[PDB]
Ligand code: SF4
Ligand code: SF4
């Protein structure tokens, strides 16, 4: 399932934005494997977050 | 929202069981902060899973 509202609020996209992507973001909750879709701490109920996606809420992880 | 049917299936509770709680479970999908409600792989369509809750499907995260 996806959280359409939130994805739209953050202008989520399935592709990276100039090297910026979910897999390198502090909010990402990775799936069972690298290429698996995961979750996001700020997009509740969404389990279709692509590791190579991106949104306005991105924050480089440490 | 919550998924009352799935919560009932796994005997979800809002408190921990012998120290076991959602925030320490491998099926948990954390919310924005460690204390915010999150999601769970075993209770689809529920975004009100308490980090201090528990269910029979608990599995320690390693
Ligand atoms: S905040 Fe945006 S960039 Fe970061 S993991 Fe969630 S969807 Fe991806
Ligand atoms: S499986 Fe049960 S204990 Fe684990 S996160 Fe889901 S509700 Fe909580």
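Chains as they are written, first to last, in the deposited numbering: chain B, 1 to 62; chain A, 1 to 62. Even for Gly, the Cβ is constructed at its ideal location relative to N, Cα and C.
**Neighbour-count burial assignment, residue 47/A, 16 or more Cβ in a 10 Å radius** = To locate residue 47/A, count along the second chain from 1; it is residue 47. Looking at its Cβ environment, which holds 16 or more other Cβ atoms inside 10 Å, residue 47/A is buried.
**Message:** Going by C-alpha to C-alpha distance, which of 61/B, 44/B, 22/B sits closest to residue 2/A?
**Reply:** As a working note, residue 2/A is residue 2 in the second chain. Cα-wise, what sits closest to residue 2/A is 44/B.
**Message:** Looking at ligand 2, does it come within less than 7 Å of residue 63/B, judged from the CB to the closest heavy atom?
**Reply:** Any question about residue 63/B goes unanswered here, given that chain B covers just 1 to 62.
**Asked** Can you name the start and end residues of the alpha helix (DSSP H) that residue 57/A belongs to?
**Response** Start at 1 with the first residue of the second chain, and residue 57/A comes out as number 57. From DSSP, residue 57/A is part of no alpha helix (DSSP H); its letter is neither H nor E.
**Request:** In angstroms with no decimal places, state the Cα-to-Cα distance between residue 39/B and residue 22/B.
**Result:** On the first chain, position 39 is the one that residue 39/B refers to. On the first chain, position 22 is the one that residue 22/B refers to. Approximately 9 Å between the Cα atoms of the pair.
**Message:** Please list, in chain order, the residues of the region 2-21 of chain A that have any C-beta partner in chain B closer than 7 Å.
**Reply:** none
**Item:** Listed by chain order, chain A residues near residue 34/B by CB distance under 8 Å
**Value:** Here residue 34/B corresponds to residue number 34 of the first chain, with the count starting at 1. Those do not exist, as residue 34/B stays about 17 Å from chain A at its closest Cβ, beyond 8 Å.
**Asked** Do you know whose CA, among 20/A, 25/A, 55/A, 34/A, lies nearest residue 11/A's CA?
**Response** One-based indexing of the second chain puts residue 11/A at position 11. Checking every option, the nearest Cα to that of residue 11/A belongs to 55/A.
**Asked** Nearest chain A C-beta to residue 52/B closer than 8 Å, yes or no?
**Response** Your numbering for residue 52/B matches position 52 in the first chain. Residue 52/B does not count as touching chain A.
**residue 60/B burial status per 10 Å Cβ neighbour count (16 or more: buried)** = Counting from one through the first chain, the residue named residue 60/B turns up at place 60. With fewer than 16 other Cβ atoms within 10 Å, it is exposed.
**Prompt:** Applying a beta-carbon distance threshold of less than 7 Å, which residues of chain A neighbour residue 41/B?
**Reply:** The sequence position of residue 41/B within the first chain is 41, counting from 1. Per Cβ cutoff of 7 Å: 30, 31, 32.
**Request:** Return yes when the C-beta of residue 58/B is under 7 Å from any heavy atom of ligand 1, and no when it is not.
**Result:** Counting from one through the first chain, the residue named residue 58/B turns up at place 58. Result yes, Cβ under 7 Å from ligand 1.
**Request:** Starting from residue 16/B, follow the alpha helix (DSSP H) in both directions and report where the run begins and ends.
**Result:** Sequence index remark: in the first chain, residue 16/B carries index 16 (1-based). Residue 16/B -> no alpha helix (DSSP H), and no H or E assigned at all.
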